[PDB]
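I have placed the structure first, in the form of structure tokens, so that the comments after it can refer back to it.
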Amino acid sequence: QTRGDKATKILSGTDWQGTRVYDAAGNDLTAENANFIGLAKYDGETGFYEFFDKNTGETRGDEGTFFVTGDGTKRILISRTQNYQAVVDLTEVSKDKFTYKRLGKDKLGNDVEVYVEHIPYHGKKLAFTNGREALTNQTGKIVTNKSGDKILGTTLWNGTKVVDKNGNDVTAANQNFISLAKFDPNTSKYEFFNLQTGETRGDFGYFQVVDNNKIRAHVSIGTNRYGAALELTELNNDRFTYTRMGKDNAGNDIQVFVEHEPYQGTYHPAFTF
Ligand SMILES: [Cl-]
Ligand SMILES: [Cl-]
Ligand SMILES: [Cl-]
Ligand SMILES: [Cl-]
Numbered sequence: 049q050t051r052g053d054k055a056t057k058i059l060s061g062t063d064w065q066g067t068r069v070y071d072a073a074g075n076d077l078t079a080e081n082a083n084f085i086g087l088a089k090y091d092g093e094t095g096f097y098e099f100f101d102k103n104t105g106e107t108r109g110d111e112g113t114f115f116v117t118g119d120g121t122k123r124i125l126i127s128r129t130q131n132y133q134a135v136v137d138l139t140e141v142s143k144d145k146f147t148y149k150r151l152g153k154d155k156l157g158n159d160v161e162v163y164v165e166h167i168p169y170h171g172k173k174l175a176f177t178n179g180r181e182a183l184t185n186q187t188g189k190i191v192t193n194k195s196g197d198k199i200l201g202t203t204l205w206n207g208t209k210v211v212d213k214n215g216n217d218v219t220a221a222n223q224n225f226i227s228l229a230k231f232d233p234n235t236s237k238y239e240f241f242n243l244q245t246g247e248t249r250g251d252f253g254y255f256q257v258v259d260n261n262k263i264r265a266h267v268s269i270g271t272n273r274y275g276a277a278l279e280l281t282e283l284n285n286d287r288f289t290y291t292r293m294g295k296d297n298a299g300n301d302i303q304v305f306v307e308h309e310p311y312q313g314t315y316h317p318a319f320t321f
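Pasting the structure below:
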């Protein structure tokens, strides 16, 4: 069990409610950062979260993938309904108290570091509006009795091939998806690098393999901020493959499958963050 695994178990064990927002000195800034206060339901098994309104109990319409980094230091959210991502530094994860810090506002409207406290919620029984759906795309063995993250951590990887749903090669139509990829399971850091030059593609941040090894989720904190929760269709020491939208050889928009295998080139890329 990692420190992230321990945190995730605690987040999954109860519903939560934000209580107060404080600066480090304990000045109450809740009214100036009211939007940081709501209810939450976390399901570690499916790597899924949903937020609800503190006063009414109704969904905030914000659901998606969450995780805690392996080292226990950060929570990542990737919203599939509200088109954002967030990384926050965790300061406590205990059965009676969950706290993170981030940027907020003081009474004069200045930027300050604030701490958002939460305690267990025992009000309305909360249910996911949608939940993690079934994921049924598969192109090879998907290992489930070992940590997905640890499988990615075994080697540098590179994209080797892109195929359509019938196995037709469409790699030349999707070269933008072909990178040298580095994954660190302990820190949950990933970075993509150019295969020709060894240099970062400027796409880097935090990743985790979630949902019984069926999703690779990541958030880019680089030049172009985005997140993704990509369904894995093969995952083992020889190969991993995810599916997403791409192009066919004619330039039509189609479902594609991006295969990766352990990298055999000469580069030994370093994280640039
Ligand atoms: Cl998601
Ligand atoms: Cl393991
Ligand atoms: Cl082919
Ligand atoms: Cl394997």
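In terms of PDB author numbering, the sequence shown is residues 49 to 321.
Built from N, CA and C at the ideal position, the CB exists for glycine as well.
Check, Outcome
"For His316 and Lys153, the rounded distance between their alpha carbons", "42 Å"
"Residue from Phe305, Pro310 and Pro233 whose Cα sits closest to the Cα of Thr117", "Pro233"
"Range of the contiguous beta strand (DSSP E) that encloses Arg150", "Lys145 to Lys153"
"Straight-line Cα distance separating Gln244 from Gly109", "42 Å"
"Closest by C-alpha distance to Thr67, when choosing among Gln130, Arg51, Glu165 and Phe115", "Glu165"
"Collapsed DSSP secondary structure at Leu278 in the structure displayed", "strand"
"Residue(s) in a DSSP beta bridge with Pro233", "Bridge partners of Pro233: none, in fact."
"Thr320 Cβ short of 6 Å to ligand 1 heavy atom set", "no"
"Rounded straight-line distance, which links the Cα of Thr147 to that of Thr235", "20 Å"
"Whole-angstrom distance between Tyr238 and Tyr254, CA atom to CA atom", "6 Å"
"Closer than 6 Å: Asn216 CB and nearest ligand 3 heavy atom", "yes"
"Best match in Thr129, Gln133 and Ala265 for proximity to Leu200 [C-alpha to C-alpha]", "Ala265"
"From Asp144, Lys143, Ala277 and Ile124, residue whose alpha carbon lies closest to that of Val135", "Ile124"
"C-alpha distance - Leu280 paired with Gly105, whole-angstrom precision", "33 Å"
"Beta-bridge partners of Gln303, as assigned by DSSP", "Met293"
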